[PDB]
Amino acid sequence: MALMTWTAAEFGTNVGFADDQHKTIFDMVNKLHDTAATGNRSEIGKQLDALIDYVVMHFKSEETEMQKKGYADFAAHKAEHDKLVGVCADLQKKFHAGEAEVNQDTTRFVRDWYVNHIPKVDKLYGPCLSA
């Protein structure tokens, strides 16, 4: 089974770009999750790096919109993003040094992060960003 399934009831923000970017993240995580059950380390690394670049771009997209519109909780929301980016960059540094592996606990971690963040953090920006 795919690790991540997006539905509007669970995850819809009422902000079209953000929903689309979330769908992409779920698809990219699902590919990583599959590859993480193998020993194909170069393929894991390609998909890890692609995912993380995209995630940083998604967070930038949300942050630019939040900030330009004066969204109430922008700085606290960005703090959540920045802590995940730090975790991901650390994981890349270790993985690309040969010091850590990417496995399905890695991908379940990121799944956990998104399935909590989108409903509890991203949905809150819907009224502001959709207005």
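Just count from 1 along the sequence shown to find any residue number.
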| item | value |
| --- | --- |
| Which of 22-30 and 93-101 has higher mean CA B factor, as the PDB entry lists it | 93-101 |
| Ranked C-alpha temperature factor of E43 among modelled chain residues, by third | highest |
| Third of the chain, ranked by Cα B-factor, where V115 sits | middle |
| Within-chain third of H58 by Cα B-factor, per the entry | lowest |
| Among modelled residues of the same chain, the CA temperature factor third for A75 | middle |
| Lowest, middle or highest third - CA B-factor, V85 | middle |
